[PDB]
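Colleague: For the protein sequence lines, the chains are OB, BA, CB, EB and YA, in the order given. If you want the authors' numbering, it's the 1-based position in the first sequence plus 1. If you want the authors' numbering, it's the 1-based position in the second sequence plus 1. If you want the authors' numbering, it's the 1-based position in the third sequence plus 49. If you want the authors' numbering, it's the 1-based position in the fourth sequence plus 354. If you want the authors' numbering, it's the 1-based position in the fifth sequence plus 1.
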Amino acid sequence: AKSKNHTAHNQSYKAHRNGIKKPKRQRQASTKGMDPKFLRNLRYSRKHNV
Amino acid sequence: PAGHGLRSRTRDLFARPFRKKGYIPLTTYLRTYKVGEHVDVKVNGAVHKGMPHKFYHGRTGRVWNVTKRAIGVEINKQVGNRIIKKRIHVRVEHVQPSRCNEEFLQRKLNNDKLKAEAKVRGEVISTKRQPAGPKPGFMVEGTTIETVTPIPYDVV
Amino acid sequence: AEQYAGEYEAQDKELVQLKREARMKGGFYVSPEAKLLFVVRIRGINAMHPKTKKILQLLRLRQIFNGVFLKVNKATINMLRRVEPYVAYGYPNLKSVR
Amino acid sequence: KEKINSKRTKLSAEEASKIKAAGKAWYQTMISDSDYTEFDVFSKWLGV
Amino acid sequence: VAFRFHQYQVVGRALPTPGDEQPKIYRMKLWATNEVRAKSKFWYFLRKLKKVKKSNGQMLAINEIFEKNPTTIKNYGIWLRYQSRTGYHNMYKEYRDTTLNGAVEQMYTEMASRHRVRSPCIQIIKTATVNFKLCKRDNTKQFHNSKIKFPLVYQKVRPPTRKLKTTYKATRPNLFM
RNA sequence: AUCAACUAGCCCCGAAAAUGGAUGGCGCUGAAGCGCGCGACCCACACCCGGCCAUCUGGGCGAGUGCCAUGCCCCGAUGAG
RNA sequence: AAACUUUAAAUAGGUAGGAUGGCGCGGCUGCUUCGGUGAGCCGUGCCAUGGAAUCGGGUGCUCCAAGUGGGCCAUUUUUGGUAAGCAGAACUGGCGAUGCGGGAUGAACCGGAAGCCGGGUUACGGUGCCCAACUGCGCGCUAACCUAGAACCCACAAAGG
Ligand SMILES: [Mg+2]
Ligand SMILES: [Mg+2]
Ligand SMILES: [Mg+2]
Ligand SMILES: [Mg+2]
Ligand SMILES: [Mg+2]
Ligand SMILES: [Mg+2]
Ligand SMILES: [Mg+2]
Ligand SMILES: [Mg+2]
Ligand SMILES: [Mg+2]
Ligand SMILES: [Mg+2]
Ligand SMILES: [Mg+2]
Ligand SMILES: [Mg+2]
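If you want it as structure tokens, here you go:
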């Protein structure tokens with residue numbers, strides 16, 4: 002009747018039975034959040050490639 | 002929040018080491034970073050800005066965006082049944098470049114050199130490390146051999 | 050098969066020859082340790098520590114009384130040190146392997 | 355079966371002597387015992 | 002025939018290191034049931050005496066010692082270190098047996114009986130032949146007499162092999178010593 | 001020939017509860033107790049071989065003598081709820 | 001010295017161990033620099049014996065949705081409590097959802113997880129009768145005139161003689 006309960010018992014099992022899903026490493030890694038001063042330049046060069 | 006603020010449980014995590022208190026040596030500022038290097042996040046007690054949460058003290062990750070006074074690190078935090086690549090910006094005082102890849106990047110060239118040297122001669126080689134295995138036989142030039150016997154028990 | 054039998058026999062005799070030679074010369078010869086282990090699992094699959102479960106899935110001992118051939122190298126022998134209460138292992142000889 | 359030259363002269367007396375001497379030397383060092391002139395308290399118990 | 006113990010001698014040394022390129026050499030005389038147990042005991046005594054571990058050590062030789070005259074009785078002494086339930090102690094034990102190898106068996110059996118001390122608790126400090134007229138224990142000393150004679154107070158009545166034995170027998174056996 | 005102390009094995013004293021009473025029971029005393037061993041031996045739906053059922057995986061079968069092709073045949077593993 | 005620490009373990013933590021790598025050439029920038037100086041990108045050409053061991057098809061991507069959200073026991077770390085078959089946590093396993101062999105009897109102690117059969121061999125545990133297997137071969141100690149004593153948990157014994 003003690004409504005406060007807490008364990009991590011069985012939580013490693015639930016985590017690992019379907020693996021700890023690592024994200025697929027990526028060619029062309031994402032730029033979102035990067036330094037806008039760096040990204041404006043980076044975009045503008047690709048604007049003026051030949 | 003929810004019982005624990007940002008800098009909880011860090012009575013000893015964030016302290017300076019003994020007799021290394023006070024000033025910041027200039028080398029921690031003149032070591033320069035480039036996007037892709039592997040750096041170690043270790044918080045510094047005395048610099049209170051840009052600090053990373055106590056979770057990140059003692060991890061390693063790849064720089065992913067470098068700005069003035071600030072490095073963007075991208076490291077894996079394991080939550081639930083998945084790995085989240087968290088992206089933090091830490092002031093440069095809190096990061097030291099790692100020597101994890103020191104041996105790797107040395108050995109990469111040490112390998113390509115021998116693949117070149119093998120292309121020179123009979124172009125067969127194998128550039129791999131093997132863990133320390135069976136040691137071959139050898140003679141022992143018989144020396145004085147010390148006899149040791151278990152000691153009688155002196156209660157005192 | 051002919052020259053395998055020949056060289057097995059030569060290695061077996063050669064070890065004896067060096068051991069007597071080292072003895073007569075005064076010191077002693079130290080045999081060059083076994084390069085290969087036979088590992089057979091001797092505990093059931095119930096109530097195992099999960100690390101142990103993964104180590105045995107890599108050593109390929111996934112059912113009681115399986116027996117696998119293993120190189121001796123530091124990675125493998127320190128992987129056996131972890132599941133040692135679960136395995137029985139040693140150095141097979143020619144009759145055993147054949 | 356009829357006592358043919360079954361294993362005959364295989365090695366000579368000087369060799370079969372030095373081999374026996376090396377074997378006995380290894381036996382002497384293999385059954386050699388400790389001095390026990392170290393443990394000044396258990397001398398009388400150990401007998402030396 | 003078979004002996005439950007065998008007196009090996011094991012010779013070992015620490016691994017080569019840049020200084021002390023020939024580490025010094027240690028010899029020991031160990032009782033065990035076979036090779037692998039003798040070796041495992043050897044590293045025990047060179048890790049609690051000479052500060053060398055199996056990882057940072059190397060074993061060079063292991064011989065199995067045998068006995069000179071298995072046909073003759075030899076008064077044996079064993080000086081041994083053992084663990085009681087509440088401490089450690091030191092014992093001296095005199096036996097008569099044809100081999101030291103049998104004396105060691107008799108000695109483990111005596112420590113397992115007179116003191117409930119198991120094998121993992123017993124160390125044989127020093128073993129030697131304490132020839133007659135210098136023995137200390139009374140039970141050894143009382144067999145040092147020619148013109149000895151004693152009848153057999155205890156003699157199992159028993160059929161020579163398991164075949165000749167049945168459950169009912171007409172006559173009460175005649176026992177006489 | 002012996003005197004005293006210390007120590008530790010088993011046993012004993014320490015050791016008292018109400019239905020009749022529980023090393024599981026009878027019994028056991030060169031044990032059928034205690035400690036250490038040795039030869040065999042007995043015992044699980046556990047391991048191995050073999051037969052069969054099913055699931056899954058992987059194969060074969062057209063100028064068709066050609067087939068419930070949604071079939072048949074072969075290989076391998078597996079079987080708690 | 002849990003709310004003291006110079007020092008400082010073990011186990012446990014992170015990262016790297018190449019084909020998602022490098023080097024040359026010639027181009028972009030509205031960024032950067034005293035500056036082809038850097039930073040990055042762009043096009044192209046070359047290389048790169050596969051870059052420790054072992055293992056092996058994958059949640060790799062997504063959709064729809066069930067039940068659950070009362071837990072309990074054990075070895076170890078551990079908080080309150082005098083303690084509890086108590087209350088609360090940490091790592092793992094078990095029962096719950098699970099039969100089967102052993103511990104006489106027991107949900108979670110020991111062995112071990114299963115289609116239905118024939119044959120062989122074992123694990124835990126045993127071989128005096130119940131009860132399948134030895135009144136086996138050996139060596140010691142105990143003699144209990146108290147119910148001597150006789151299984152991991154486990155069904156206790158203490159100080160002391
Ligand atoms: Mg709840
Ligand atoms: Mg919280
Ligand atoms: Mg809130
Ligand atoms: Mg809230
Ligand atoms: Mg600290
Ligand atoms: Mg502020
Ligand atoms: Mg199918
Ligand atoms: Mg200190
Ligand atoms: Mg921790
Ligand atoms: Mg690490
Ligand atoms: Mg059967
Ligand atoms: Mg019977």
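Think of the CB as a built atom: it goes at the ideal place given N, C-alpha and C, for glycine as much as any other residue.
I need the residues with a C-beta less than 7 Å from some heavy atom of ligand 1; please give them in chain order.
Modeller: Per the Cβ criterion, the list is OB/4 and OB/6.
Colleague: How long is the line joining the alpha carbons of residue 141 of chain BA and residue 56 of chain YA, rounded to whole angstroms?
Modeller: So the two alpha carbons sit approximately 20 Å from each other.
Colleague: If you follow the alpha helix (DSSP H) that residue 103 of chain YA is part of, which residue opens it and which one closes it?
Modeller: Segment 101-115, the alpha helix (DSSP H) holding residue 103 of chain YA.
Colleague: Could you please give the first and the last residue of the uninterrupted beta strand (DSSP E) stretch that includes residue 85 of chain YA?
Modeller: From DSSP, the beta strand (DSSP E) with residue 85 of chain YA extends over 75-85.
Colleague: Considering only C-alpha positions, which residue in the set BA/86, BA/81, BA/107 and BA/155 is nearest to residue 176 of chain BA?
Modeller: A query on residue 176 of chain BA cannot be resolved here, the shown segment of chain BA reaching from 2 to 157 and no further.
Colleague: Under 7 Å Cβ-Cβ, which residues of chain CB neighbour residue 380 of chain EB?
Modeller: Per Cβ cutoff of 7 Å: 72.
Colleague: Listing by chain order, which chain YA residues have their CB less than 7 Å from the CB of residue 385 of chain EB?
Modeller: The contacting residues are 66.
Colleague: From what residue to what residue does the alpha helix (DSSP H) around residue 106 of chain BA run?
Modeller: Its alpha helix (DSSP H) spans residues 103-121.
Colleague: Put residue 382 of chain EB into one of helix, strand or coil per three-state DSSP.
Modeller: DSSP places residue 382 of chain EB in helix when its eight states are reduced to three.
Colleague: Could you give the distance in angstroms between the alpha-carbon of residue 120 of chain CB and the alpha-carbon of residue 120 of chain YA?
Modeller: Cα to Cα, the separation comes out at about 34 Å.
Colleague: Is the distance from the Cβ of residue 82 of chain YA to the Cβ of residue 76 of chain YA below 8 Å?
Modeller: No.
Colleague: Just checking: is the beta-carbon of residue 139 of chain BA within a distance shorter than 8 Å of some beta-carbon in chain CB?
Modeller: By this cut-off, residue 139 of chain BA is an interface position.
Colleague: Output yes if chain CB places a C-beta closer than 8 Å to the C-beta of residue 372 of chain EB; else output no.
Modeller: Yes, because at least one Cβ of chain CB sits closer than 8 Å to the Cβ of residue 372 of chain EB.
Colleague: Nearest by alpha-carbon distance to residue 1 of chain OB: which of BA/127, BA/66 and BA/122 is it?
Modeller: Missing from the structure shown is residue 1 of chain OB; chain OB here goes from 2 to 51 and no further.
Colleague: Anyone know if the C-beta pair for residue 93 of chain BA and residue 24 of chain BA falls short of 8 Å?
Modeller: Their beta carbons are not under 8 Å apart, which means residue 93 of chain BA does not touch residue 24 of chain BA by this criterion.
Colleague: Here's a check: name, in chain order, each residue in its chain whose Cβ is nearer than 8 Å to the Cβ of residue 95 of chain BA, leaving out the five neighbours to either side.
Modeller: 42, 43, 44, 45, 48, 51, 52 and 53, listed in sequence order.
Colleague: Using a 10 Å radius around the Cβ and a threshold of 16 neighbouring Cβ atoms, would you call residue 137 of chain BA buried or exposed?
Modeller: Classification of residue 137 of chain BA: exposed, given that the 10 Å Cβ count is below 16.
Colleague: Tell me whether the beta-carbon of residue 172 of chain BA lies closer than 8 Å to the beta-carbon of residue 93 of chain CB.
Modeller: There is no way to answer for residue 172 of chain BA, as the model of chain BA reaches only from 2 to 157.
Colleague: Is there a C-beta anywhere in chain OB that falls below 8 Å from the one on residue 130 of chain BA?
Modeller: So no, residue 130 of chain BA is outside the interface.
Colleague: Given a threshold of 16 other Cβ atoms within 10 Å of its Cβ, counted over all protein chains shown, does residue 400 of chain EB qualify as buried or as exposed?
Modeller: Buried.
Colleague: Who sits around ligand 3, taking every residue whose Cβ is closer than 7 Å to one of its heavy atoms?
Modeller: For ligand 3, the selected residues are BA/2 and BA/3.
Colleague: Ordered along the chain, which non-local residues of its own chain (more than five positions away) have a Cβ less than 8 Å from that of residue 14 of chain BA?
Modeller: Closer than 8 Å at the Cβ level, and outside the excluded window around residue 14 of chain BA, lie 44, 55 and 58.
Colleague: Are the C-beta of residue 105 of chain YA and some C-beta of chain BA separated by less than 8 Å?
Modeller: Judged by the 8 Å Cβ criterion, residue 105 of chain YA is not in contact with chain BA.
Colleague: Go ahead and label residue 7 of chain BA buried or exposed: buried means 16 or more other beta carbons lie within 10 angstroms of its beta carbon, across all protein chains shown.
Modeller: Under this definition residue 7 of chain BA is an exposed residue.
Colleague: What I want to know is whether the C-beta of residue 54 of chain BA ends up closer than 7 Å to one or more non-hydrogen atoms of ligand 2.
Modeller: Answer for residue 54 of chain BA: no, Cβ out of range of ligand 2.
Colleague: Could you give the residue range of the alpha helix (DSSP H) that holds residue 42 of chain YA?
Modeller: Looking at the DSSP string, the run of the alpha helix (DSSP H) that includes residue 42 of chain YA is 36-49.
Colleague: So, does the segment 68-85 of chain BA touch the segment 3-21 of chain OB, judging by three or more C-beta pairs under 8 Å?
Modeller: In short, these stretches touch, since the Cβ pair count reaches three.
Colleague: For residue 89 of chain BA, report the span of its beta strand (DSSP E) as first-last.
Modeller: Its beta strand (DSSP E) spans residues 83-92.
Colleague: Got a sec: which bits of the segment 9-32 of chain OB sit with their beta carbon under 8 Å from any beta carbon on chain BA, in order along the chain?
Modeller: Result list: 15, 16, 17, 19, 20, 21, 22, 23, 24 and 30.
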